[PDB]
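Student: Pasting in a structure now, in structure tokens, and then I'll have a few things to ask.
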Amino acid sequence: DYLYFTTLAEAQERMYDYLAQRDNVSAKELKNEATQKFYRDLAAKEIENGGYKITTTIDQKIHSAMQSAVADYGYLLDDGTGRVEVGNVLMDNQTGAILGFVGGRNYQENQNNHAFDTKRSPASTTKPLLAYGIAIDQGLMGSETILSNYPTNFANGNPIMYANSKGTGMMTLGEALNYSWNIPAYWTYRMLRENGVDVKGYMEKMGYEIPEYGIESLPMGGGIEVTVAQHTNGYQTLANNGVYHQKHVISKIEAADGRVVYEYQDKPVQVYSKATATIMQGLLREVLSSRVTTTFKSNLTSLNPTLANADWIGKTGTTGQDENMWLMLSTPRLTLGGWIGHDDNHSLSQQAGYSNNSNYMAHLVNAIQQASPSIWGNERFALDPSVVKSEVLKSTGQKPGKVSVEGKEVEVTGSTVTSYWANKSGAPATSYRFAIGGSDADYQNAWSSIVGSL
Ligand SMILES: *C(=O)[C@@H](NC(=O)[C@H](Cc1ccccc1)NC(=O)CCCCCN=[N+]=[N-])[C@@H](C)O
Ligand SMILES: [Cl-]
Ligand SMILES: [Cl-]
Ligand SMILES: [Cl-]
Ligand SMILES: [Cl-]
Ligand SMILES: [Cl-]
Ligand SMILES: [Cl-]
Ligand SMILES: [Cl-]
Ligand SMILES: [Cl-]
Ligand SMILES: [Cl-]
Ligand SMILES: [Cl-]
Ligand SMILES: [Cl-]
Ligand SMILES: [Cl-]
Ligand SMILES: [Cl-]
Ligand SMILES: [Cl-]
Ligand SMILES: [Cl-]
Ligand SMILES: [Cl-]
Ligand SMILES: [Cl-]
Ligand SMILES: [Cl-]
Ligand SMILES: [Cl-]
Ligand SMILES: [Cl-]
Ligand SMILES: [Cl-]
Ligand SMILES: [Cl-]
Ligand SMILES: [Cl-]
């Protein structure tokens with residue numbers, strides 16, 4: 001089954017490193033293709049013949065419950081576009097340990113491992129990690145910052161689209177995330193590029209490989225393809241108050257006589273500040289509660305109302321032609337990554353991610369809890385003490401004060417709201433260009449509307 005071959009493949013790679021070091025093979029010698037083939041074959045025979053003890057992070061009751069869940073409820077994914085394939089990884093947020101996974105609908109019918117082997121764009125689940133999370137971390141935005149969703153074009157003249165919408169106007173970060181509007185994510189990433197932020201530094205600390213960081217649609221998942229296991233590791237980082245632990249299934253390999261061939265070594269990395277991570281947790285809580293892009297909270301409330309009252313956060317994604325849907329879920333204890341799609345990349349139904357994957361993942365979450373009642377935990381995500389709280393205008397996401405609007409000094413007042421920041425000073429005073437992004441026309445239409453209201 002999936003677990004046997006995933007474990008065997010990883011143990012063979014660790015045995016390869018061990019044997020080459022044992023036999024004092026130089027890194028140069030190791031570049032020789034014939035030497036490499038010999039050491040791969042030797043590693044395979046050592047595992048096959050050698051009576052090694054492989055210790056995995058797999059919780060057998062949970063992993064077994066996940067296999068029964070996809071066997072019993074995988075048909076809930078079938079949406080009239082043929083048999084829908086699936087990958088899920090359940091990860092301990094404090095360690096990066098993989099407790100269980102779903103490799104696909106049925107190993108016996110299709111052996112492709114959709115948790116560890118298959119790479120697809122994570123689509124709009126990129127946004128919290130690569131755009132908004134980094135912007136907050138760099139003190140370029142807070143929880144109630146305003147972004148432009150006004151119509152705008154990619155460099156090649158194509159409109160930035162969201163379903164059939166060419167865009168609306170100004171909106172909060174919260175609305176931008178709840179809906180997964182695309183234009184606000186585009187502007188956030190353009191701001192990071194313009195400011196020369198080392199985005200690669202963040203993404204590589206979490207083990208992502210992105211070839212071209214200049215892609216305009218990077219936050220929407222253009223120019224990124226990931227395994228479910230890797231992408232689960234990204235969300236583990238946000239859930240774990242910004243501290244990455246490298247994903248692993250193997251914790252140790254020992255010879256029969258107890259000599260250590262390999263032992264996983266924890267190497268925690270603070271990728272985002274605690275302020276940034278805990279702010280993003282609060283935003284991703286509302287993504288699920290708002291139910292705009294996923295029915296997950298409705299599905300889970302019906303299956304298991306007590307589990308639905310755990311502190312769920314997450315994010316959805318849909319690739320361009322609905323070929324791939326994602327739902328990433330966390331409680332403080334665990335992250336569960338979910339992909340669905342077709343092996344031949346053809347389109348899913350329009351609602352496959354919104355409804356079908358949401359219902360299936362509610363069933364998977366329920367099966368995990370029934371197998372291991374305390375595993376999700378009852379702990380809440382909470383704002384770090386280092387978070388800065390700023391009273392800002394609802395209309396500008398910045399502090400009340402004076403702005404020049406067409407000659408005339410204007411006193412900007414009105415509804416205020418607490419905005420969470422991950423810098424020292426918090427939110428700035430309202431300036432004319434108060435939003436992330438927008439044209440001089442957009443600002444003319446945003447200020448008309450705000451001036452109208454004073
Ligand atoms: C996040 O899930 C958003 N998805 C997108 O914006 C995707 C990004 C993407 C595109 C291709 C591969 C991988 C990722 N793009 C679109 O949805 C664009 C829609 C098509 C409009 C242009 N029509 N044409 N031709 C989600 C919230 O939209
Ligand atoms: Cl398996
Ligand atoms: Cl496998
Ligand atoms: Cl176990
Ligand atoms: Cl893809
Ligand atoms: Cl434009
Ligand atoms: Cl909203
Ligand atoms: Cl970069
Ligand atoms: Cl990657
Ligand atoms: Cl670059
Ligand atoms: Cl591993
Ligand atoms: Cl031995
Ligand atoms: Cl910190
Ligand atoms: Cl809710
Ligand atoms: Cl709903
Ligand atoms: Cl309860
Ligand atoms: Cl989405
Ligand atoms: Cl297919
Ligand atoms: Cl809180
Ligand atoms: Cl404060
Ligand atoms: Cl303040
Ligand atoms: Cl500051
Ligand atoms: Cl900007
Ligand atoms: Cl303009």
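Quick note on naming: the chains in the structure tokens go A, B, ... in the order shown, residues restart at 1 in each chain, and ligands are numbered from 1 in order of appearance.
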Which neighbours of residue A:287 fall inside 8 Å, counting only C-alpha atoms, when residues of the same chain fewer than 6 positions from it are skipped, and could you give them as a ChimeraX atom specification?
Tutor: /A:174,177-179,293,313-315
Student: Could you save the residues just selected, with N, CA and C atoms, as a CSV table (one decimal), in the first residue's frame?
Tutor:
chain,number,residue,atom,x,y,z
A,174,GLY,N,-9.3,41.1,5.3
A,174,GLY,CA,-10.2,40.0,5.7
A,174,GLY,C,-11.1,39.7,4.5
A,177,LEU,N,-9.2,37.9,1.8
A,177,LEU,CA,-8.8,36.5,2.1
A,177,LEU,C,-10.1,35.6,2.1
A,178,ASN,N,-11.2,36.1,2.7
A,178,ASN,CA,-12.4,35.3,2.8
A,178,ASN,C,-12.9,34.9,1.4
A,179,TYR,N,-12.8,35.8,0.5
A,179,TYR,CA,-13.3,35.5,-0.9
A,179,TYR,C,-12.2,34.9,-1.8
A,293,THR,N,-15.7,30.3,0.4
A,293,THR,CA,-15.0,29.5,-0.6
A,293,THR,C,-15.0,28.1,-0.2
A,313,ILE,N,-8.7,26.8,11.4
A,313,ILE,CA,-8.3,27.9,10.4
A,313,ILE,C,-8.0,27.2,9.1
A,314,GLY,N,-8.1,27.9,8.0
A,314,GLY,CA,-7.6,27.3,6.7
A,314,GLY,C,-7.8,28.2,5.5
A,315,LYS,N,-7.5,27.6,4.4
A,315,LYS,CA,-7.5,28.4,3.1
A,315,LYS,C,-7.8,27.4,2.0
Student: Return as a PyMOL selection string every polymer residue, whether protein, DNA or RNA, with at least one atom no more than 6 Å from an atom of ligand 3; count only C-alpha atoms and all ligand atoms.
Tutor: chain A and resi 2-3+5-6+113
Student: What's the 8 Å shell around stretch 389-405 of chain A, counting only C-alpha atoms, without same-chain residues fewer than 4 positions away, as an MDAnalysis selection string?
Tutor: chainID A and resid 144:146 172 409:421 426:432 434:435 447 450
Student: If the limit is 12 Å from any atom of ligand 12, counting only C-alpha atoms and all ligand atoms, which residues qualify? Return them as a list in words.
Tutor: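 Checked against 12 Å with only C-alpha atoms and all ligand atoms; the hits are residues 46, 47, 49, 50, 51, 52, 53, 253, 254, 255, 256, 257, 258, 259, 260 and 261 of chain A.
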Student: Residues within 8 Å of stretch 196-208 of chain A, please, as an MDAnalysis selection string. Count only C-alpha atoms; anything in the same chain fewer than 2 positions from it doesn't count.
Tutor: chainID A and resid 129:130 134 192:194 210 213 226 230 233:234 237 244 246 269 271:272
Student: Could you pull the residues within 12 Å of residue A:343, counting only C-alpha atoms, minus those fewer than 3 positions along the same chain, as number ranges by chain?
Tutor: A: 82-87, 104-105, 110-114, 117-120, 323-324, 339-340, 346-348
Student: Please find the residues contacting ligand 24 at a distance of at most 12 Å between atoms, with only C-alpha atoms and all ligand atoms counted, and report them as a PDB file with C-alpha atoms, in the first residue's frame.
Tutor:
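For reference, pocket-v5.pdb as written:
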ATOM      1  CA  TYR A 150     -10.275  47.618  -8.740  1.00  0.00           C
ATOM      2  CA  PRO A 151      -9.872  46.137 -12.259  1.00  0.00           C
ATOM      3  CA  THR A 152      -6.245  45.847 -13.456  1.00  0.00           C
ATOM      4  CA  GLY A 437      -2.209  48.923  -5.027  1.00  0.00           C
ATOM      5  CA  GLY A 438      -4.603  50.959  -7.197  1.00  0.00           C
ATOM      6  CA  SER A 439      -4.453  53.446 -10.115  1.00  0.00           C
ATOM      7  CA  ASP A 440      -4.788  57.303  -9.839  1.00  0.00           C
ATOM      8  CA  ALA A 441      -8.370  56.757 -11.237  1.00  0.00           C
ATOM      9  CA  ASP A 442      -9.141  54.096  -8.515  1.00  0.00           C
ATOM     10  CA  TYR A 443      -7.975  56.582  -5.793  1.00  0.00           C
ATOM     11  CA  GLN A 444     -10.174  59.337  -7.404  1.00  0.00           C
ATOM     12  CA  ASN A 445     -13.228  56.924  -7.045  1.00  0.00           C
TER      13      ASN A 445
END
Student: For ligand 6, collect every residue having any atom at a distance of at most 9 Å from a ligand atom (counting only C-alpha atoms and all ligand atoms); output as a PyMOL selection string.
Tutor: chain A and resi 151-155+157-160+439
Student: Can I get the selected residues back with N, CA, C and O atoms, as a CSV table (one decimal), in the first residue's frame?
Tutor:
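Saved to again_37.csv:
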chain,number,residue,atom,x,y,z
A,151,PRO,N,-10.4,46.8,-11.1
A,151,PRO,CA,-9.9,46.1,-12.3
A,151,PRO,C,-8.4,46.6,-12.6
A,151,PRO,O,-8.1,47.8,-12.5
A,152,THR,N,-7.6,45.6,-13.0
A,152,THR,CA,-6.2,45.8,-13.5
A,152,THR,C,-5.8,44.7,-14.3
A,152,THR,O,-6.5,43.6,-14.3
A,153,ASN,N,-4.8,44.9,-15.1
A,153,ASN,CA,-4.3,43.9,-16.2
A,153,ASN,C,-2.9,43.3,-15.7
A,153,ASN,O,-2.1,44.1,-15.1
A,154,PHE,N,-2.7,42.1,-16.0
A,154,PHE,CA,-1.3,41.5,-16.1
A,154,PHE,C,-0.5,42.3,-17.1
A,154,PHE,O,-1.1,43.0,-18.0
A,155,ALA,N,0.8,42.1,-17.0
A,155,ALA,CA,1.8,42.8,-17.9
A,155,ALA,C,1.5,42.5,-19.4
A,155,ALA,O,1.7,43.4,-20.2
A,157,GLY,N,-1.5,42.3,-20.7
A,157,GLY,CA,-2.8,43.0,-21.1
A,157,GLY,C,-4.0,42.3,-20.7
A,157,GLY,O,-5.1,42.9,-20.7
A,158,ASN,N,-3.9,41.0,-20.3
A,158,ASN,CA,-5.1,40.2,-19.8
A,158,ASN,C,-5.6,40.8,-18.5
A,158,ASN,O,-4.8,41.1,-17.6
A,159,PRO,N,-6.9,40.8,-18.3
A,159,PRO,CA,-7.5,41.3,-17.0
A,159,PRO,C,-7.2,40.2,-16.0
A,159,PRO,O,-7.3,39.0,-16.2
A,160,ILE,N,-6.9,40.7,-14.8
A,160,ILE,CA,-6.9,39.8,-13.5
A,160,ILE,C,-8.4,39.6,-13.2
A,160,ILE,O,-9.2,40.5,-12.9
A,439,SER,N,-4.8,52.4,-9.1
A,439,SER,CA,-4.5,53.4,-10.1
A,439,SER,C,-4.9,54.8,-9.6
A,439,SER,O,-5.6,54.9,-8.6
Student: Taking a cut-off of 6 Å and counting only C-alpha atoms and all ligand atoms, can you build a table that, for each residue of chain A near ligand 1, reports the nearest atom pair and how far apart they are in Å (one decimal), sorted by chain then residue number, as a Markdown table?
Tutor:
| residue | atom | partner | partner_atom_place_in_ligand_line | distance |
| --- | --- | --- | --- | --- |
| A:121 | CA | ligand 1 | 13 (C) | 5.1 |
| A:123 | CA | ligand 1 | 2 (O) | 4.3 |
| A:124 | CA | ligand 1 | 1 (C) | 3.1 |
| A:161 | CA | ligand 1 | 21 (C) | 4.9 |
| A:162 | CA | ligand 1 | 28 (O) | 5.0 |
| A:180 | CA | ligand 1 | 27 (C) | 4.7 |
| A:181 | CA | ligand 1 | 27 (C) | 5.8 |
| A:182 | CA | ligand 1 | 6 (O) | 5.6 |
| A:220 | CA | ligand 1 | 8 (C) | 4.5 |
| A:221 | CA | ligand 1 | 14 (C) | 4.2 |
| A:222 | CA | ligand 1 | 14 (C) | 4.6 |
| A:317 | CA | ligand 1 | 2 (O) | 3.3 |
| A:318 | CA | ligand 1 | 2 (O) | 3.7 |
| A:319 | CA | ligand 1 | 14 (C) | 4.0 |
| A:320 | CA | ligand 1 | 10 (C) | 3.7 |
Student: Could you please determine the separation between atom 1 (Cl, counted along the ligand's line) of ligand 22 and atom CA of residue A:214 in Å, to one decimal place?
Tutor: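 Going from atom 1 (Cl, counted along the ligand's line) of ligand 22 over to atom CA of residue A:214 covers 26.9 Å.
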Student: Using only C-alpha atoms, which residues of stretch 246-332 of chain A come within 6 Å of stretch 355-371 of chain A, and what is the closest atom pair for each, with the distance in Å to one decimal? Give it as a Markdown table, sorted by chain and residue number.
Tutor:
| residue | atom | partner | partner_atom | distance |
| --- | --- | --- | --- | --- |
| A:295 | CA | A:355 | CA | 5.7 |
| A:296 | CA | A:358 | CA | 4.5 |
| A:299 | CA | A:359 | CA | 5.6 |
| A:300 | CA | A:362 | CA | 5.0 |
